[PDB]
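Comments concern the structure below.
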Amino acid sequence: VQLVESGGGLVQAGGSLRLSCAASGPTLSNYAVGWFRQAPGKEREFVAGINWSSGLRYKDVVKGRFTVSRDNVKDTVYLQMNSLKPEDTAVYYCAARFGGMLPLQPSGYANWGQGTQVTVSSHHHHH
Amino acid sequence: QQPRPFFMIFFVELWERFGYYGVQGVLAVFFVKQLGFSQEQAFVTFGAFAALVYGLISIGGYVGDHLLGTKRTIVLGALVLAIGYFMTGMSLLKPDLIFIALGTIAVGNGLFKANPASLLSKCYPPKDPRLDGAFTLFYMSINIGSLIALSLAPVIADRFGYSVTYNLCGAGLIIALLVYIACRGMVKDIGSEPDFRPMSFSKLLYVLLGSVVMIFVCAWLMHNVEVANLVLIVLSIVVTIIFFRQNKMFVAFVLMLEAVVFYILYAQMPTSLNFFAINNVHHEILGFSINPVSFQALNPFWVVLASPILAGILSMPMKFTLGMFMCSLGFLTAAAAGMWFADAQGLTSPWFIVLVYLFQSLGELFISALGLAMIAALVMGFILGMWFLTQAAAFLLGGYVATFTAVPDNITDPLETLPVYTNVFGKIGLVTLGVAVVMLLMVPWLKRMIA
Ligand SMILES: CCCCCCCCCCCCO[C@@H]1O[C@H](CO)[C@@H](O[C@H]2O[C@H](CO)[C@@H](O)[C@H](O)[C@H]2O)[C@H](O)[C@H]1O
Ligand SMILES: CCCCCCCCCCCC
Ligand SMILES: CCCCCCCCCC
Ligand SMILES: CCCCCCCC
Ligand SMILES: CCCCCC
């Protein structure tokens with residue numbers, strides 16, 4: 002019912018963060034977990050998720066770069082973000098829906114993490 | 011309003027059914043998640059399991075009547091059922107126990123089910139009017155038990171796991187056993203004739219030996235459905251061949276073919292309709308988040324409301350035809366909710382699932398309550418044998434039908450599953466609409482034959 006997000010931060014472009022979603026009472030094993038992100042000025046949009054039996058789903062623009070995975074022992078779901086770009090800057094939410102489906106809109110999901118800021122800067126070393 | 015033994019029987023029935031449905035409501039999801047079956051395997055296995063649960067009821071009726079007595083078989087069946095539920099709890103540690111546990115549950119149920127009804131209809135003089143009320147109240151207790159288990163069993167399984175669930179099922183059986191024992195006093199002059207002679211240990215031993223052989227045969231059958239199919243095909247064609255060699268019995272055979280159709284339909288609530296709710300329905304209603312598996316509780320719920328009402332409110346082939354039409358409407362409603370009133374994301378309003386379950390429950394209220402009791406007015414031992422046979426065949430066939438809505442583990446788009454549920458649900462609703470139309474056509478002929 003209640004998810005704890007962790008892992009956010011400030012990273013340089015081409016950098017890598019890892020977000021993590023764990024749950025309190027229920028076991029997250031019976032849940033599809035989607036990661037949504039809300040960029041400044043826009044609506045929550047589906048980034049990526051994994052269902053209760055390891056089916057995967059991804060938005061086009063994050064394919065290749067973002068990986069979703071699930072540790073059933075620690076009862077946790079992980080999102081690895083590699084090759085980060087400035088447009089990945091957003092608040093990142095995790096959401097849990099019981100079962101094997103991963104719908105695309107926030108209304109298909111009843112349990113919601115608090116959000117986490119991810120900022121990716123254009124910072125590059127000086128040449 | 012009712013004799014003192016009525017309330018004993020009422021509550022023993024409630025707790026036994028609480029345990030049973032505590033298992034049924036979680037079983038297919040258990041096969042999928044916990045044992046890593048695919049949905050097609052889970053559906054057919056649940057098929058076999060229900061088939062044995064309902065095929066074995068005849069035996070328990072006979073054991074209560076002529077071998078051991080009625081109150082004895084209530085104790086024996088409750089004990090074998092509690093052992094089954096605790097065994098299923100122990101299956102989580104020892105997975106290879108699962109089929110044996112299910113077999114025990116089946117045999118346990120087979121011994122127990124028919125007896126409390128018998129016991130109840132001896133708490134009353136033969137013409138006491140209150141009989142009907144008690145019987146409907148009896149039905150309501152069953153459904154209250156069902157209502158509670160299907161509501162909470164999945165919640166419990168999610169927050170505490172399948173072992174705690176199954177042990178609670180056991181605990182409920184133990185509660186039923188303690189109620190009955192602590193109220194043995196009230197049933198001191200009630201029972202069948204073997205309840206008042208001393209208990210034959212010879213017969214008791216035969217019942218135990220056969221129970222155990224039946225447990226191992228159930229377990230073999232639910233692991234190897236391919237041969238359960240052949241067992242029931244041969245048993246059914248042969249029992250209809252010795253029914254076709256041997266005018267009211269023919270109306271009984273037509274009524275059984277229709278009951279078979281209705282049971283094929285009922286078998287979907289725990290399998291395909293369950294997974295439809297999981298996959299393509301919003302898991303929120305009146306602002307509350309609910310576990311989609313809990314949606315099965317909608318069947319007993321409507322029964323609990325509608326049976327007083329509908330007991331307060343033609344005759345046999347007509348009520349059968351009415352029920353058939355109701356079930357037809359439940360599946361057409363499901364298919365229509367999928368085809369036309371879906372989100373952009375392939376999800377549908379749970380109010381549509383509430384309506385589906387209302388249609389289904391009304392169909393149950395007509396067909397299930399009437400057909401069993403009134404096939405008996407049309408008549413005998415051989416036809417209960419064949420009645421429970423064909424109901425078991427119905428559940429096997431229902432599981433096979435469920436497999437047409439099965440979804441691979443890797444599909445995650447509701448928009449890819451939605452067309453599959455609606456195609457199968459529409460076709461089901463249409464076929465049973467045709468069946469109910471032929472039933473309606475045949476109604477007046479049958480009424481003349483019954484008179
Ligand atoms: C339409 C028939 C509904 C049957 C009635 C449901 C049983 C009542 C729930 C038991 C007490 C409430 O306890 C809890 O409450 C929250 C919100 O209510 C619910 O919701 C929480 O748990 C369930 C399963 O554990 C999750 O699928 C759900 O998404 C989660 O948010 C659950 O139902 C219940 O775990
Ligand atoms: C009420 C009298 C108690 C009778 C219990 C007999 C138990 C016999 C078990 C035989 C082992 C297979
Ligand atoms: C290797 C696991 C086998 C488990 C069989 C358990 C049987 C228990 C009977 C009570
Ligand atoms: C009513 C007495 C029941 C005896 C059967 C017990 C089986 C161990
Ligand atoms: C009696 C009808 C059986 C159908 C089996 C395919």
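For the protein sequence lines, the chains are B and A, in the order given. Residue numbers for the first sequence follow PDB author numbering, so the first one is 2 and each next one is one higher. Under PDB author numbering, read the second sequence as residues 11 to 256, 266 to 332, 343 to 408, 413 to 484, first letter to last. Where is the CB? At the ideal position from N, CA and C, for every residue including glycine.
Figure out for me which residue from the options has the closest Cα to the Cα of residue i.
i, options, result
"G114/B", "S17/B, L29/B, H124/B, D89/B", "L29/B"
"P104/B", "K480/A, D372/A, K460/A", "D372/A"
"residue 259/A", "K43/A, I416/A, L91/A", "Any question about the placement of residue 259/A has no answer from these coordinates, since chain A jumps from 256 to 266."
"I251/A", "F145/A, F415/A, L147/A", "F415/A"
"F37/B", "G101/B, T90/B, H128/B, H125/B", "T90/B"
"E6/B", "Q118/B, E44/B, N73/B, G100/B", "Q118/B"
"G113/A", "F226/A, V22/A, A181/A, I154/A", "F226/A"
"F170/A", "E88/B, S25/B, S122/B", "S25/B"
"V457/A", "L305/A, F56/A, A405/A, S291/A", "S291/A"
"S21/B", "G100/B, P41/B, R71/B", "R71/B"
"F59/A", "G99/A, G118/A, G367/A", "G118/A"
"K64/B", "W53/B, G42/B, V48/B", "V48/B"
"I108/A", "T55/A, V464/A, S156/A", "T55/A"
"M347/A", "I483/A, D168/A, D142/A", "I483/A"
"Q34/A", "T83/A, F53/A, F206/A", "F53/A"
"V197/A", "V248/A, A229/A, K132/A", "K132/A"
"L401/A", "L274/A, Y134/A, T445/A", "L274/A"
"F20/A", "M150/A, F47/A, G418/A, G201/A", "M150/A"
"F122/A", "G431/A, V383/A, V85/A, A144/A", "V85/A"
"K75/B", "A33/B, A23/B, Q81/B, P87/B", "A23/B"
"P13/A", "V408/A, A144/A, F253/A", "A144/A"
DSSP three-state call for residue i: helix, strand or coil?
i, result
"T28/B", "coil"
"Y59/B", "strand"
"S17/B", "coil"
"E23/A", "helix"
"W113/B", "strand"
"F47/B", "strand"
"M353/A", "helix"
"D72/B", "strand"
"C133/A", "coil"
"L80/B", "strand"
"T445/A", "coil"
"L178/A", "helix"
"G8/B", "coil"
"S122/B", "strand"
"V34/B", "strand"
"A371/A", "strand"
"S68/A", "helix"
"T377/A", "strand"
"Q12/A", "coil"
Strictly under 8 Å for the Cβ-Cβ distance: is residue i near chain A by that measure?
i, result
"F67/B", "no"
"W113/B", "no"
"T77/B", "no"
"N52/B", "yes"
"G10/B", "no"
"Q3/B", "no"
"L80/B", "no"
"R71/B", "no"
"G116/B", "no"
Sorted by chain position, which residues of the same chain lie with C-beta nearer than 7 Å to residue i's C-beta, five sequence neighbours on each side aside?
i, result
"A124/A", "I67, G70, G71, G74"
"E50/A", "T436, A439"
"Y386/A", "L317, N318, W321"
"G94/A", "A111, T114, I115, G118"
"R58/B", "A49, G50, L103"
"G99/A", "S173, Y176, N177, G180"
For residue i, which residues from the same chain have a beta carbon less than 8 Å from its beta carbon, with the 5 sequence-adjacent residues on both sides left out?
i, result
"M355/A", "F388, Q389, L391, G392, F395"
Can you name, in chain order, every residue of its own chain whose Cβ lies under 6 Å from the Cβ of residue i, other than the five neighbours on each side?
i, result
"residue 141/B", "Any answer about residue 141/B is impossible in this case: the structure gives chain B only from 2 up to 128."
Are the C-beta of residue i and some C-beta of chain B separated by less than 8 Å?
i, result
"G375/A", "yes"
"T445/A", "yes"
"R169/A", "yes"
"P311/A", "yes"
What residues from the region 17 to 48 of chain B come within 8 Å of chain A, judged by C-beta to C-beta, listed N to C? Answer in chain order: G26, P27, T28, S30, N31, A33.
For the region 295 to 309 of chain A, enumerate the residues whose C-beta is nearer than 8 Å to any C-beta of chain B, in chain order. Taking 8 Å as the Cβ-Cβ cut-off against chain B, the residues of the region 295 to 309 of chain A that qualify are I297, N298, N299, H301, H302, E303, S308.
Any C-beta of chain A within less than 7 Å: which residues of the region 95 to 111 of chain B qualify? Cβ contacts with chain A: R98, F99, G100, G101, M102, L103, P104, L105, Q106, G109, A111.
Please identify, using Cβ separations under 8 Å, the residues of the region 415 to 449 of chain A that lie next to chain B, in order along the chain. Within the region 415 to 449 of chain A, the qualifying residues are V440, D442, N443, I444, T445, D446, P447.
Give the residues from the region 28 to 62 of chain A that approach chain B closer than 7 Å (Cβ to any Cβ), ordered along the chain. Per Cβ criterion, the list reads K43.
Using a Cβ-Cβ cutoff of 9 Å, what residues of the region 54 to 65 of chain B are near chain A? List them in chain order. Correct list: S54, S55, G56, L57, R58.
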